[PDB]
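Here the structure comes first, spelled out in structure tokens, and everything after it is commentary.
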Amino acid sequence: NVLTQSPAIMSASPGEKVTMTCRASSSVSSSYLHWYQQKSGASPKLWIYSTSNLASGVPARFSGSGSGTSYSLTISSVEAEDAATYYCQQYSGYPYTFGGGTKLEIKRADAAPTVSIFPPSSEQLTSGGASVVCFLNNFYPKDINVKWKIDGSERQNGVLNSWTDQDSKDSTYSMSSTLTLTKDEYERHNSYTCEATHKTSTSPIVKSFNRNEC
Amino acid sequence: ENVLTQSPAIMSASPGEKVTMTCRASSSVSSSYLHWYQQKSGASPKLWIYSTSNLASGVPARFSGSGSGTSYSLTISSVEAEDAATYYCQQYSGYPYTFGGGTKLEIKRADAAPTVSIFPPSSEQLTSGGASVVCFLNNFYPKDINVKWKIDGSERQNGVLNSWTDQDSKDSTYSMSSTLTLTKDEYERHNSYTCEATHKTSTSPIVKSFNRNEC
Amino acid sequence: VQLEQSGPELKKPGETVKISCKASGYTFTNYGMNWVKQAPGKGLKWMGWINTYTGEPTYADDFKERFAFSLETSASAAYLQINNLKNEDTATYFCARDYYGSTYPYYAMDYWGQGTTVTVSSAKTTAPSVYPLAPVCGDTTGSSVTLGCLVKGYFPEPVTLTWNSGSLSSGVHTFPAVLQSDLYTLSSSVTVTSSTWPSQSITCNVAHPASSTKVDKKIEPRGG
Amino acid sequence: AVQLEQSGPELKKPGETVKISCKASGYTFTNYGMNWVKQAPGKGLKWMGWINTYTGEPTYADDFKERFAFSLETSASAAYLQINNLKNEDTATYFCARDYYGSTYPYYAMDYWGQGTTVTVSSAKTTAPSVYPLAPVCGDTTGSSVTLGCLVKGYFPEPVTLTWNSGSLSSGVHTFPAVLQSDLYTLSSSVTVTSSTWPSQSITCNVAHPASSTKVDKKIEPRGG
Amino acid sequence: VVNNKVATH
């Protein structure tokens, strides 16, 4: 009995009412239709059981409803902490099946990243490698671009980026960007610059350092 | 639903004999969910064998069951008089429970001639215009017995109602009641009344009579 | 452990009947209760069952929708109601408890009620006429004498017949009733040591509840 | 106290066998079924089946009827998942989850979940991470706050555990998901504190890599040149 | 350990 959840990803500003759906291919008893909440990788938590019953500690802003093949979970006024993936689950004879999940993202006001740049450590250099690290912290929306410049020229190659999941408290994202060079390459240049730009602006936030001076 | 067919519908066996009756299903039944019941004359069925081969409490060790898939059986290692009953199989394979049509087990025993008793109508009945002449034919075997009524020495077929007991659980005999009902008017046009018990494989009846005019 | 059912019923087509099944000797709400039909001279048919804990009934597809299972759990009783009665409903109805293993259900039925007979008929109730059967002039038959009781012209089934309040039970044949012209007739024979009759009295007791009739016939020898 | 405590992360080679435990406490183990749920990296939940803890009877979901074995040691209130002839697709996190019950009947939901056990199926050797401090050039200040970091480079398998001052520094941390650099994992973590905290007080990132039995402390120092 | 056909888990 296949569960189909929609939307796959939904976005809501805090205080907004949201509803996500779970449809089954065959009838499910209202008794045997459940919802779980899971935040990035951690263990799922039983959230709503038997359609409409809130698990212990679940806030009263959540509700569930439905019957037959059509069920839903509603949040009357979304909070930052609701950023999660929600899975429906059924039993109608075995196997248990889960829906594919609805990921709830929280909308907030735009926030510039706090940008920090770091030289390769003297430890790393001893080994003949050179990683220049740039953190872009607590920004919104997730759509940030980083541009690296060496000696004031753009460098596109050797860059690896990683993003956090949405913050549960303030709904921001953070990003780390690493430019990896050989030690010799690193020491052939002096200035290292990381620039953060939003997709809709042409003013960056820039941070740099020089190998030769503080 | 999963229809069960039992074979043979009627089984006859002498005590001590080893016999086997079958239960066939339309579709596979789990050996866990195929059961047998015994029902006797005028009583509730009793669970007899459960989950194919387990004897219910108080069921004699001479009973067993086996089978799998769509084919099941109940065996009696050594038939006894007390086994005269109807046996029903029952399955679950999802709902509904179904029962087979039953196998009636008859016990064979030595031939036994009936004890025949004839009774005139009561004065109570005659005063209300009716005349039932009754003949009991008690504790006989085999069950195939014929009653013939004679009035003034002459055979009479109409107005006769017959009833048989079910097989006796202790002695494996049958008993039969035969009533010839006439009007009081017709009854008093005649003098002698005879009931004759005859086995179909015998020339020699057992006869009882009375006369209206003397003891 | 026992399941005790209510008594026989006679009803007209279109009436309703409600049959009880009272359980004793176990926790009522732990075991499902089943209902099984047996039409006269026929086999067994499962009607469905009721969950005694939840009250939820499950009806076999031949028993939707004139049939209603209910409970009174405070009385450890299960009921079967048949509405809009039809001639086809004439049968004995059994309650039968679920049989469970120590670990899982067996989907068998271990304890059974004694059955409730329901007759559906437009025929009117008729009291029996009960007649003594004694040999002419008390003519003896060697060491034993057979006596009888004729129970003629009644509807509906059942009657109850006993001999000396049922204290005389050995050597009795009570014959299955036979239907004739809308009416049943039944007989019973009792056989006793010849010396004991008529010195020691023999009386058949016949009750027919449907007609509120209760009669006793002492068997005496009569002449000619 | 109801707890389902699962065994630690495992690295196994293809064709090998892995056995994961789920140790239950705080309730009668034999009165609730134990469920197994698979979650492949970045994918959804998939129910593998359950084991009856009273009878020991396992029930497998149709995609897990091959190489999968549920078992019990009821004296230890423990449930086990064994996977035989491991494939790369068995790389996932596995959760054990207890049956949710009403007063009498099952709801066929799962109320208590273990923390999960990550299984990695690979023929690769274990590589311990390099651990590098990230500090602003010359401890150059950035107003009222300073951000430091820790670069954890070149390890396999996942996971690593990273803490700051042994977990006594927990606020203002961002630990970035690992990426694949040179076929090994690299991650970083940032910590932000007030300017008056560092360098006057000690800040150290702690990196544990259980697969290689390594635990590294890296003190973040201001450095010039 | 069976109530109305529901067996222990």
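Lettering and numbering for the structure tokens are positional, with chains as A, B, ... in the shown order, residues counted from 1 in each chain, and ligands counted from 1 in the shown order.
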
Would you kindly return, as number ranges by chain, each protein, DNA or RNA residue with an atom no farther than 6 Å from any atom of region 28-35 of chain D, considering only C-alpha atoms and excluding same-chain residues fewer than 6 positions away?
-> D: 49-54, 77, 96-99; E: 9

So which residues touch residue 189 (chain B) within 12 Å, counting only C-alpha atoms, skipping near sequence neighbours fewer than 6 positions away, as a PyMOL selection string?
-> chain B and resi 131+151-152+182-183+212-213

Return the neighbours of chain D among the residues of chain C, cut-off 12 Å, counting only C-alpha atoms, as a PyMOL selection string.
-> chain C and resi 29-30+53-54+102-104

Can you pull out every residue within 7 Å of residue 25 (chain A), counting only C-alpha atoms, but drop anything in the same chain fewer than 3 positions away, and send it as a ChimeraX atom specification?
-> /A:1-3,69

Which residue out of C:167, C:122, C:140, C:205 has the minimum interatomic distance to chain B when only C-alpha atoms are used?
-> C:140

Would you mind writing down, as a list in words, each residue of region 14-83 of chain D that DSSP on the backbone assigns to helix (DSSP H, G or I)?
->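 In region 14-83 of chain D, DSSP puts these residues in helix (DSSP H, G or I): residues 29, 30, 31, 62, 63, 64, 74, 75 and 76 of chain D.
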
Looking only at the backbone, which of the residues in region 23-158 of chain B does DSSP tag as strand (DSSP E), as JSON, numbers by chain?
-> {"B": [23, 24, 25, 34, 35, 36, 37, 38, 39, 46, 47, 48, 49, 50, 54, 55, 63, 64, 65, 66, 67, 68, 71, 72, 73, 74, 75, 76, 85, 86, 87, 88, 89, 90, 91, 98, 99, 103, 104, 105, 106, 107, 115, 116, 117, 118, 119, 130, 131, 132, 133, 134, 135, 136, 137, 138, 139, 140, 145, 146, 147, 148, 149, 150, 151, 154, 155, 156]}

Using only C-alpha atoms, find the residues of chain D whose closest atom to chain A is at most 9 Å away, then write them as number ranges by chain.
-> D: 39, 41-49, 60-62, 93, 95, 107-116, 130-140, 142, 146-149, 151, 174-181, 187-190, 223-225

Counting only C-alpha atoms, collect the residues of chain E whose closest atom lies at most 9 Å from chain D, and write them out as JSON, numbers by chain.
-> {"E": [3, 6, 7, 8, 9]}

Compile the contact shell of residue 76 (chain B) as JSON, numbers by chain: residues with an atom at most 6 Å away, counting only C-alpha atoms, same-chain residues fewer than 6 positions apart removed.
-> {"B": [18, 19, 62, 63]}

Nearby residues (only C-alpha atoms) at most 7 Å from region 90-99 of chain B, same-chain spacing under 5 positions excluded, as a ChimeraX atom specification = /B:1-4,29,33-36 /C:44-46,60,107

Could you write out the selected residues, including N, CA and C atoms, as a compact mmCIF listing (two decimals), in the first residue's frame?
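What follows is the written file result28.txt:
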# COMPACT_ATOMS: atom_id res chain seq x y z
N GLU B 1 -15.49 -17.66 -0.83
CA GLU B 1 -15.07 -18.36 0.41
C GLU B 1 -14.48 -19.75 0.10
N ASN B 2 -13.81 -20.35 1.09
CA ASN B 2 -13.10 -21.62 0.88
C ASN B 2 -13.97 -22.81 1.25
N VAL B 3 -14.61 -23.39 0.24
CA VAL B 3 -15.64 -24.41 0.43
C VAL B 3 -15.01 -25.77 0.73
N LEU B 4 -15.46 -26.41 1.82
CA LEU B 4 -14.96 -27.72 2.22
C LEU B 4 -15.93 -28.84 1.84
N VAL B 29 -5.36 -24.55 2.90
CA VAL B 29 -5.62 -24.12 4.27
C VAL B 29 -4.34 -24.40 5.05
N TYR B 33 -5.01 -24.22 10.94
CA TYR B 33 -6.37 -23.62 10.90
C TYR B 33 -7.42 -24.53 10.30
N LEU B 34 -7.14 -25.83 10.34
CA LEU B 34 -8.07 -26.84 9.88
C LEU B 34 -8.42 -27.64 11.11
N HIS B 35 -9.71 -27.66 11.45
CA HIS B 35 -10.19 -28.29 12.67
C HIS B 35 -11.34 -29.26 12.40
N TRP B 36 -11.64 -30.09 13.39
CA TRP B 36 -12.71 -31.09 13.30
C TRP B 36 -13.60 -30.98 14.53
N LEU C 44 -23.44 -26.93 9.40
CA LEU C 44 -23.15 -25.72 10.18
C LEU C 44 -22.73 -24.59 9.30
N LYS C 45 -23.19 -23.39 9.63
CA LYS C 45 -22.80 -22.20 8.88
C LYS C 45 -22.38 -21.08 9.82
N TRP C 46 -21.16 -20.59 9.65
CA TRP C 46 -20.65 -19.49 10.47
C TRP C 46 -21.27 -18.17 10.03
N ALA C 60 -20.41 -12.53 8.33
CA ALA C 60 -20.17 -13.25 7.09
C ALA C 60 -21.08 -12.63 6.02
N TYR C 107 -8.31 -19.95 15.35
CA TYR C 107 -9.48 -19.80 14.50
C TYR C 107 -10.36 -21.07 14.52

Which polymer residues have any atom within 10 Å of an atom of residue 103 (chain A), counting only C-alpha atoms, with same-chain residues fewer than 2 positions away left out, as a PyMOL selection string?
-> chain A and resi 6-11+20+37-39+82-87+100-101+105-106

Got a sec: who's within 8 Å of residue 95 (chain C), counting only C-alpha atoms, leaving out chain neighbours fewer than 6 positions off, as a PyMOL selection string?
-> chain C and resi 3+5+21+33-36+112-113+115

From the list B:52, B:30, B:57, B:39, which residue is nearest residue 38 (chain C) when using only C-alpha atoms?
->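 Smallest distance to residue 38 (chain C) is found for B:39.
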
Wanna dump the chain C-chain B contacts at 8 Å for me, each residue with its shortest atom pair and the distance in Å to one decimal, counting only C-alpha atoms, ordered by chain and number, as a tab-separated table?
residue	atom	partner	partner_atom	distance
C:43	CA	B:101	CA	5.7
C:44	CA	B:99	CA	6.2
C:45	CA	B:99	CA	6.7
C:46	CA	B:97	CA	6.0
C:48	CA	B:96	CA	7.2
C:60	CA	B:96	CA	5.8
C:94	CA	B:44	CA	7.7
C:106	CA	B:33	CA	6.0
C:107	CA	B:33	CA	6.1
C:108	CA	B:35	CA	6.6
C:109	CA	B:47	CA	6.8
C:110	CA	B:47	CA	5.6
C:111	CA	B:46	CA	7.4
C:112	CA	B:44	CA	6.5
C:113	CA	B:44	CA	7.0
C:114	CA	B:44	CA	5.5
C:115	CA	B:44	CA	6.7
C:131	CA	B:122	CA	6.4
C:132	CA	B:122	CA	6.4
C:133	CA	B:119	CA	5.7
C:134	CA	B:119	CA	6.0
C:135	CA	B:119	CA	5.4
C:136	CA	B:215	CA	6.2
C:137	CA	B:215	CA	5.8
C:139	CA	B:215	CA	7.3
C:146	CA	B:117	CA	6.8
C:173	CA	B:175	CA	7.3
C:174	CA	B:165	CA	7.5
C:175	CA	B:165	CA	5.6
C:176	CA	B:163	CA	6.1
C:177	CA	B:163	CA	7.2
C:178	CA	B:163	CA	6.8
C:187	CA	B:177	CA	7.3
C:189	CA	B:136	CA	7.4
C:223	CA	B:215	CA	7.1
C:224	CA	B:214	CA	4.9

Mind writing the picked residues with N, CA and C atoms as a short mmCIF file (atom, residue, chain, number, x, y, z; two decimals), in the first residue's frame?
data_model
loop_
_atom_site.label_atom_id
_atom_site.label_comp_id
_atom_site.auth_asym_id
_atom_site.auth_seq_id
_atom_site.Cartn_x
_atom_site.Cartn_y
_atom_site.Cartn_z
N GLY C 43 -26.17 -28.80 7.90
CA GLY C 43 -24.83 -28.65 8.45
C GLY C 43 -24.68 -27.32 9.15
N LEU C 44 -23.44 -26.93 9.40
CA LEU C 44 -23.15 -25.72 10.18
C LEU C 44 -22.73 -24.59 9.30
N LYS C 45 -23.19 -23.39 9.63
CA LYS C 45 -22.80 -22.20 8.88
C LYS C 45 -22.38 -21.08 9.82
N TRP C 46 -21.16 -20.59 9.65
CA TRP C 46 -20.65 -19.49 10.47
C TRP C 46 -21.27 -18.17 10.03
N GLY C 48 -20.54 -15.17 11.64
CA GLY C 48 -19.60 -14.09 11.90
C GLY C 48 -19.26 -14.11 13.37
N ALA C 60 -20.41 -12.53 8.33
CA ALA C 60 -20.17 -13.25 7.09
C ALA C 60 -21.08 -12.63 6.02
N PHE C 94 -26.20 -21.26 17.46
CA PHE C 94 -25.23 -21.52 18.53
C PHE C 94 -24.32 -20.31 18.70
N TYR C 106 -6.32 -19.88 17.12
CA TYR C 106 -6.38 -21.08 16.31
C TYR C 106 -7.46 -20.98 15.24
N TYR C 107 -8.31 -19.95 15.35
CA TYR C 107 -9.48 -19.80 14.50
C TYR C 107 -10.36 -21.07 14.52
N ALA C 108 -10.44 -21.71 15.71
CA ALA C 108 -11.40 -22.75 16.05
C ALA C 108 -12.33 -22.19 17.11
N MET C 109 -13.29 -23.01 17.52
CA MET C 109 -14.28 -22.62 18.51
C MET C 109 -14.34 -23.73 19.55
N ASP C 110 -13.95 -23.41 20.77
CA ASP C 110 -13.83 -24.45 21.80
C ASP C 110 -15.09 -24.70 22.64
N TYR C 111 -15.73 -23.64 23.14
CA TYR C 111 -16.95 -23.83 23.92
C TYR C 111 -18.14 -23.35 23.15
N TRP C 112 -19.21 -24.14 23.21
CA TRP C 112 -20.46 -23.91 22.49
C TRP C 112 -21.65 -23.84 23.44
N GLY C 113 -22.56 -22.91 23.15
CA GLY C 113 -23.86 -22.86 23.82
C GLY C 113 -24.65 -24.10 23.42
N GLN C 114 -25.77 -24.35 24.10
CA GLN C 114 -26.57 -25.57 23.86
C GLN C 114 -27.45 -25.38 22.62
N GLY C 115 -27.43 -24.17 22.08
CA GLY C 115 -28.23 -23.83 20.92
C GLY C 115 -29.59 -23.24 21.27
N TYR C 131 -51.67 -38.86 25.24
CA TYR C 131 -52.42 -40.12 25.43
C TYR C 131 -51.55 -41.22 26.02
N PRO C 132 -52.12 -42.00 26.95
CA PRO C 132 -51.37 -43.11 27.56
C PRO C 132 -51.32 -44.30 26.62
N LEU C 133 -50.20 -45.01 26.61
CA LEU C 133 -50.07 -46.22 25.83
C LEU C 133 -49.75 -47.30 26.83
N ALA C 134 -50.71 -48.21 27.01
CA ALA C 134 -50.53 -49.40 27.85
C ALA C 134 -51.00 -50.63 27.05
N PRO C 135 -50.42 -51.82 27.32
CA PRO C 135 -50.87 -53.03 26.63
C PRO C 135 -52.34 -53.33 26.96
N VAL C 136 -53.09 -53.87 26.00
CA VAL C 136 -54.50 -54.20 26.28
C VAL C 136 -54.59 -55.10 27.53
N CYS C 137 -55.45 -54.71 28.48
CA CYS C 137 -55.67 -55.44 29.75
C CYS C 137 -54.43 -55.59 30.63
N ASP C 139 -51.78 -56.81 29.55
CA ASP C 139 -51.20 -58.09 29.12
C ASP C 139 -49.67 -58.00 29.19
N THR C 146 -43.38 -52.72 28.33
CA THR C 146 -43.14 -51.44 27.68
C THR C 146 -44.42 -50.63 27.69
N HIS C 173 -37.12 -44.58 25.19
CA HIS C 173 -36.94 -44.06 23.83
C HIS C 173 -37.92 -42.95 23.55
N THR C 174 -37.42 -41.72 23.45
CA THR C 174 -38.27 -40.63 23.02
C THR C 174 -37.98 -40.41 21.54
N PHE C 175 -39.02 -40.55 20.73
CA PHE C 175 -38.88 -40.55 19.27
C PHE C 175 -38.97 -39.15 18.72
N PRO C 176 -38.11 -38.83 17.73
CA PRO C 176 -38.15 -37.57 16.99
C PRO C 176 -39.55 -37.27 16.46
N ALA C 177 -39.97 -36.00 16.59
CA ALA C 177 -41.31 -35.62 16.18
C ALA C 177 -41.39 -35.65 14.66
N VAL C 178 -42.59 -35.93 14.15
CA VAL C 178 -42.86 -35.96 12.71
C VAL C 178 -43.99 -34.99 12.38
N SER C 187 -43.72 -39.56 20.21
CA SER C 187 -44.03 -40.60 21.18
C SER C 187 -42.80 -40.94 21.98
N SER C 189 -41.34 -44.22 24.58
CA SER C 189 -41.58 -45.52 25.20
C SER C 189 -40.71 -45.62 26.44
N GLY C 223 -59.20 -52.39 30.08
CA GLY C 223 -59.72 -53.66 29.59
C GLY C 223 -60.10 -53.67 28.13
N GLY C 224 -60.71 -54.80 27.74
CA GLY C 224 -61.20 -55.10 26.39
C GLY C 224 -60.36 -54.55 25.25
#

What is the distance between CA of residue 77 (chain A) and CA of residue 62 (chain A), in Å to one decimal?
->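 One can read the CA of residue 77 (chain A) to CA of residue 62 (chain A) distance as 8.7 Å.
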
Take CA of residue 37 (chain D) and CA of residue 1 (chain D) and report the distance between them in Å, one decimal.
->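 Separation of CA of residue 37 (chain D) and CA of residue 1 (chain D): 22.4 Å.
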
What is the CA of residue 153 (chain C)-CA of residue 157 (chain B) distance in Å, reported with one decimal?
->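 One can read the CA of residue 153 (chain C) to CA of residue 157 (chain B) distance as 20.6 Å.
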